[PDB]
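Student: Quick one: the structure is below, questions incoming.
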Amino acid sequence: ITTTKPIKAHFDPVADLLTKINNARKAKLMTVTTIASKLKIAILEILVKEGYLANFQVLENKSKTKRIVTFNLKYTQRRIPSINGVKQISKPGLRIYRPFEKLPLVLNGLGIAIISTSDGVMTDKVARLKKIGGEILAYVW
Amino acid sequence: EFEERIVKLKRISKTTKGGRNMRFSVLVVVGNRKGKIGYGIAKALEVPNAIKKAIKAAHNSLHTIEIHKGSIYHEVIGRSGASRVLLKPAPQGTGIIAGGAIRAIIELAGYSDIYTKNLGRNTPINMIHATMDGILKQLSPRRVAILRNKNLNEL
Amino acid sequence: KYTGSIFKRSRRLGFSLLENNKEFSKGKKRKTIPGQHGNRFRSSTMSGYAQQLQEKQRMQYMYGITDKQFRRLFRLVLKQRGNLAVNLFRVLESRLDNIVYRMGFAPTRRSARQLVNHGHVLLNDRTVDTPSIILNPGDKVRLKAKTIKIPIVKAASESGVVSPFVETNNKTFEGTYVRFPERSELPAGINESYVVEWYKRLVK
Amino acid sequence: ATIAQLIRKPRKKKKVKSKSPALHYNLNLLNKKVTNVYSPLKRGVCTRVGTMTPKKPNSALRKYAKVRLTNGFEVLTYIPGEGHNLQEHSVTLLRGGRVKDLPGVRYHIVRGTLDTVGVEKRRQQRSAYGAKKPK
RNA sequence: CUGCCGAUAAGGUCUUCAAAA
RNA sequence: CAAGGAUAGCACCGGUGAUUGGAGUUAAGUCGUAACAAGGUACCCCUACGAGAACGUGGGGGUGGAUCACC
RNA sequence: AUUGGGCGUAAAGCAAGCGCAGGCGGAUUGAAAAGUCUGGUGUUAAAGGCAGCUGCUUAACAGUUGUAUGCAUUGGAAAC
RNA sequence: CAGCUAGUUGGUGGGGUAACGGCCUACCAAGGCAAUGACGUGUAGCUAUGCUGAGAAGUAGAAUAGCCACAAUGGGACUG
Ligand SMILES: [Mg+2]
Ligand SMILES: [Mg+2]
Ligand SMILES: [Mg+2]
Ligand SMILES: [Mg+2]
Ligand SMILES: [Mg+2]
Ligand SMILES: [Mg+2]
Ligand SMILES: [Mg+2]
Ligand SMILES: [Mg+2]
Ligand SMILES: [Mg+2]
Ligand SMILES: [Mg+2]
Ligand SMILES: [Mg+2]
Ligand SMILES: [Mg+2]
Ligand SMILES: [Mg+2]
Ligand SMILES: [Mg+2]
Ligand SMILES: [Mg+2]
Ligand SMILES: [Mg+2]
Ligand SMILES: [Mg+2]
Ligand SMILES: [Mg+2]
Ligand SMILES: [Mg+2]
Ligand SMILES: [Mg+2]
Ligand SMILES: [Mg+2]
Ligand SMILES: [Mg+2]
Ligand SMILES: [Mg+2]
Ligand SMILES: [Mg+2]
């Protein structure tokens, strides 16, 4: 798949995506692109399994030196998004590490909390099921 | 049986060529205690006419309210100007722990157990505005089901 | 320790001790707030604090309680499991002197307190000297004996008029009780549940 | 501001000052040092009686007094009542307060305790002015 | 079509109220 | 070895002090009228000098300036 | 105002720049395991704290059993 | 409150202490701490805890309980 425009991204990998999703939701835009990193790919995979975005495709160049993921949002028929609000926890500077007893529940389980404990990014419900916690990336509801 | 309770009676006035035109303004909240509530602010030379017009305006604008087990489902912040009101789910038994304008809105809506906090100003119009914005942005656990392609909220 | 003008406080609020003996009376059938300033306008629209305090007094004047005792009992019942709206009603109605008047062995509530204070009552297996003991349904609060012959037993032994929540068992004076009082036996003199939140603000 | 900024320079809380400072200073006299120990009310001796005029709205003649406390602080204290027995040299037992009419006065003399007499011809709110129950 | 042109003692009312018809 | 005593000069802190500087607070004191309108000489900031006093003027800087105007 | 605030006109962006130390920081691979998470053991005196119960005429109170928090050591997890 | 520290930093042999040790001694050297706050000033017994707060925490270290220090002020030593 081809583009015409230069693709740039912020140095912080969680809030870069967070701005993209929130701005796309706010601007009613559907398709956006950014550079690919393994954390962003992993957070998007669990994100698409839970059903907040429709498709998420990561692509690579013909030289194998750069990869960019171009994702689209899952709008319903009336063109109101499925995402309502995004907020980041493990901000730069202040790294958020929480054990299981203080593992948050976002909107009584309606939203999902992204926690990368030991096996990559992982949802709050399965984190409670495994009774293991760790880094908390962002809140999405 | 749409009960109504005055939440504020201010005394506004303009200035003319000699004297002060004084008119009373009332903020009435009407609610059936089943999910319908509206607000109406009106001004008139006398309290009775002001009350009639305010109730008419309040009844013209009635919003729909959803209750879950008598309380609010998820924590929400209602914003209106510089007034920010925090609403919180409560266990069955605490009662309405609200006070003032927020307490009137919650009681007239039907909700029982409720944790509230006014984090901003003490202007009655903005407190009612903030409470209604917070309650109207609330998400049911079935609308997200149509969205998330889940199983009617099931884990 | 109590007021000696029960007519005055009962006439203002409007509700008597549930037989209207202090409201009917033999004179003037007065149903106005006492004092010279009783027949005026500006009647309704009492603020939430205003109506709550008037109503709070109603609950604690129906049973002869001091507010400090009220704070103690509320602190006791408050913490337990959850919406305990069935317990504190039983707790407030579990007063020993309250049960003896409802037992049908006293003409009035505060007169029963005098008999309780004077030692004319026995609990399940012990005596009673303090009119504040918290009872539990199941205790055979048998009546005394040296008091069945006093020149005031006549209306006392007429307990055939009795509330269903008390199985007095007269003659044998077994004096047990069960089947805790429903809201029906607690008439509209004081029937509200936002007094708990009022004390929630005042008492932690 | 920012986490790095606050770690270097933490948040310094604003201080709190009292309304009756002269009542919390104790002079030991054996060492002649003043320590800050709070005390509700304190005894003093008056030096100059007279009258002052209230600020703006009010208009009257209010009786002040320059009482020197057991410490070494001179405070102008209003005599709360109708009529006084102060005779330039007397002992008074000051309390806390702050009359809004006279600028500078922040203390009141407790009435009917020591040399100062009570306020007779009073049947209302006596417990505060100090008058024996009519009985 | 630009001359000149300064001051004004103190404190004060007035909204009682919608419960309702 | 050493508490203490005597002598000696620095260091830090406190109280007080003739006299003097400004400051706040004050129902109805005296001399002006500087600012708010184009406040009657547009205002304000920095700076230098001068004058009973507000303040005046010189230099630079701003519109947080009125009027004015265009089919 | 870490959780939990602001800096155009209300208090608050230094007159501007070159900038060391500090803070933050592109993508991928490997190792170690200092942070991070977890299991076991030791300890964190008793009274007090909360729950239940008993005993004082019930209470206040007393006793009774339960009830954490952190630190160190050891064994694993490898996403940041 | 920007420098402080000359037994202060280190070695050697010896002495002394229940014991290690500039704890002390003679010699040889010139180091040690300090902007991540030395040093100085002011203040204060510390802790388990008490009161308050939804919480994070604020506040006082009643009673009682642990540890330290003191016995008119300042030094020295015997007995054990
Ligand atoms: Mg005119
Ligand atoms: Mg002229
Ligand atoms: Mg003049
Ligand atoms: Mg002028
Ligand atoms: Mg002029
Ligand atoms: Mg001018
Ligand atoms: Mg002259
Ligand atoms: Mg000149
Ligand atoms: Mg000039
Ligand atoms: Mg100029
Ligand atoms: Mg310029
Ligand atoms: Mg602010
Ligand atoms: Mg400013
Ligand atoms: Mg600038
Ligand atoms: Mg500036
Ligand atoms: Mg640069
Ligand atoms: Mg650098
Ligand atoms: Mg990276
Ligand atoms: Mg313990
Ligand atoms: Mg105990
Ligand atoms: Mg050595
Ligand atoms: Mg708080
Ligand atoms: Mg102690
Ligand atoms: Mg002590």
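Each chain of the structure tokens is named A, B, ... in the order shown, its residues numbered from 1; ligands are numbered from 1 in display order.
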Applying 10 Å and only C-alpha atoms (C1' of nucleotides), which residues near residue 99 (chain D) remain after dropping the ones on its own chain fewer than 3 positions away? List them as a PyMOL selection string.
Tutor: chain D and resi 54+77-78+80+102-108
Student: Would you put the residues from that selection into a file with N, CA, C and O atoms, as a short mmCIF file (atom, residue, chain, number, x, y, z; two decimals), in the first residue's frame?
Tutor:
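And here is the file that came out, result.cif:
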data_model
loop_
_atom_site.label_atom_id
_atom_site.label_comp_id
_atom_site.auth_asym_id
_atom_site.auth_seq_id
_atom_site.Cartn_x
_atom_site.Cartn_y
_atom_site.Cartn_z
N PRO D 54 -15.95 54.47 67.08
CA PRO D 54 -15.97 53.29 66.19
C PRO D 54 -15.48 53.63 64.79
O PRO D 54 -15.16 54.80 64.54
N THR D 77 -7.66 46.79 75.52
CA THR D 77 -8.78 45.86 75.66
C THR D 77 -10.10 46.53 76.02
O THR D 77 -10.18 47.28 77.00
N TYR D 78 -11.13 46.24 75.23
CA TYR D 78 -12.46 46.81 75.42
C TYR D 78 -13.13 46.18 76.64
O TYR D 78 -13.07 44.96 76.84
N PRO D 80 -16.33 44.93 77.96
CA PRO D 80 -17.65 44.55 77.42
C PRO D 80 -18.76 44.64 78.46
O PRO D 80 -19.00 43.68 79.20
N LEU D 102 -13.67 49.31 66.91
CA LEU D 102 -12.44 49.98 67.28
C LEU D 102 -11.27 49.26 66.61
O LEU D 102 -11.13 48.04 66.79
N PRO D 103 -10.44 49.94 65.82
CA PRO D 103 -9.33 49.25 65.17
C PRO D 103 -8.19 49.04 66.16
O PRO D 103 -7.78 49.98 66.86
N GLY D 104 -7.69 47.81 66.23
CA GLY D 104 -6.60 47.45 67.11
C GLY D 104 -7.01 46.58 68.28
O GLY D 104 -6.19 45.78 68.76
N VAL D 105 -8.24 46.72 68.77
CA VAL D 105 -8.69 45.93 69.91
C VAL D 105 -8.96 44.50 69.46
O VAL D 105 -9.70 44.26 68.49
N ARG D 106 -8.34 43.54 70.14
CA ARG D 106 -8.51 42.13 69.84
C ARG D 106 -8.67 41.30 71.10
O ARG D 106 -8.37 40.10 71.09
N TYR D 107 -9.10 41.91 72.21
CA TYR D 107 -9.27 41.16 73.44
C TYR D 107 -10.46 41.71 74.20
O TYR D 107 -10.88 42.85 73.99
N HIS D 108 -11.01 40.88 75.09
CA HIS D 108 -12.13 41.26 75.94
C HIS D 108 -11.81 40.93 77.39
O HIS D 108 -11.07 39.98 77.66
#
Student: Can you pull out every residue from region 11-182 of chain C that DSSP, working from the backbone, puts in helix (DSSP H, G or I), and format the result as number ranges by chain?
Tutor: C: 11-13, 21-24, 48-61, 67-78, 87-92, 96-103, 109-117
Student: Taking only C-alpha atoms (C1' of nucleotides) and all ligand atoms into account, list the residues no farther than 12 Å from ligand 20, as a PyMOL selection string.
Tutor: chain G and resi 47-49+60-64
Student: With only C-alpha atoms (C1' of nucleotides) and all ligand atoms counted, collect every polymer residue having an atom within 10 Å of ligand 15; state the result as a PyMOL selection string.
Tutor: chain G and resi 12-15
Student: Limited to N, CA, C and O atoms (P, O5', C5', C4', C3', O3' and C1' of nucleotides), could you put the picked residues into a file as a PDB file, in the first residue's frame?
Tutor:
ATOM      1  P     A G  12       0.870  39.290  37.663  1.00  0.00           P
ATOM      2  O5'   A G  12       1.807  38.042  37.349  1.00  0.00           O
ATOM      3  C5'   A G  12       2.882  37.704  38.212  1.00  0.00           C
ATOM      4  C4'   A G  12       3.353  36.296  37.966  1.00  0.00           C
ATOM      5  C3'   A G  12       3.391  35.867  36.503  1.00  0.00           C
ATOM      6  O3'   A G  12       4.651  36.125  35.912  1.00  0.00           O
ATOM      7  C1'   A G  12       2.084  34.331  37.724  1.00  0.00           C
ATOM      8  P     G G  13       4.810  37.251  34.778  1.00  0.00           P
ATOM      9  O5'   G G  13       4.665  36.444  33.415  1.00  0.00           O
ATOM     10  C5'   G G  13       5.107  35.094  33.319  1.00  0.00           C
ATOM     11  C4'   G G  13       6.242  34.945  32.338  1.00  0.00           C
ATOM     12  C3'   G G  13       5.928  35.375  30.909  1.00  0.00           C
ATOM     13  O3'   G G  13       7.116  35.860  30.276  1.00  0.00           O
ATOM     14  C1'   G G  13       6.456  33.081  30.928  1.00  0.00           C
ATOM     15  P     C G  14       7.786  37.251  30.731  1.00  0.00           P
ATOM     16  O5'   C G  14       8.537  36.913  32.096  1.00  0.00           O
ATOM     17  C5'   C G  14       9.690  36.079  32.115  1.00  0.00           C
ATOM     18  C4'   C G  14      10.807  36.689  32.927  1.00  0.00           C
ATOM     19  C3'   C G  14      11.819  37.515  32.141  1.00  0.00           C
ATOM     20  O3'   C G  14      12.293  38.583  32.959  1.00  0.00           O
ATOM     21  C1'   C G  14      12.915  35.678  33.170  1.00  0.00           C
ATOM     22  P     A G  15      12.383  40.079  32.374  1.00  0.00           P
ATOM     23  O5'   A G  15      12.644  39.882  30.815  1.00  0.00           O
ATOM     24  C5'   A G  15      11.691  40.313  29.854  1.00  0.00           C
ATOM     25  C4'   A G  15      12.297  40.405  28.476  1.00  0.00           C
ATOM     26  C3'   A G  15      12.973  39.144  27.959  1.00  0.00           C
ATOM     27  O3'   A G  15      12.056  38.226  27.387  1.00  0.00           O
ATOM     28  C1'   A G  15      14.401  41.000  27.624  1.00  0.00           C
TER      29        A G  15
END
Student: Give the residues close to ligand 8, within 9 Å, counting only C-alpha atoms (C1' of nucleotides) and all ligand atoms; write them as a PyMOL selection string.
Tutor: chain F and resi 49-51+56-57
Student: Could you tell me which residues of chain D sit within 12 Å of chain H when counting only C-alpha atoms (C1' of nucleotides), and give me the result as number ranges by chain?
Tutor: D: 7-8, 13, 35
Student: Return as a PDB file with C-alpha atoms (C1' of nucleotides), in the first residue's frame the residues of protein, DNA or RNA that approach ligand 2 to within 9 Å, with only C-alpha atoms (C1' of nucleotides) and all ligand atoms taken into account.
Tutor:
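What ended up in result-v6.pdb:
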ATOM      1  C1'   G E   3      -9.475  82.468  25.491  1.00  0.00           C
ATOM      2  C1'   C E   4     -10.658  80.715  30.081  1.00  0.00           C
ATOM      3  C1'   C E   5     -13.646  76.860  32.520  1.00  0.00           C
TER       4        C E   5
END
Student: For residue 100 (chain B), find every residue with an atom within 12 Å (counting only C-alpha atoms (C1' of nucleotides)), except residues of its own chain fewer than 2 positions away, and show them as a count of residues only.
Tutor: 26
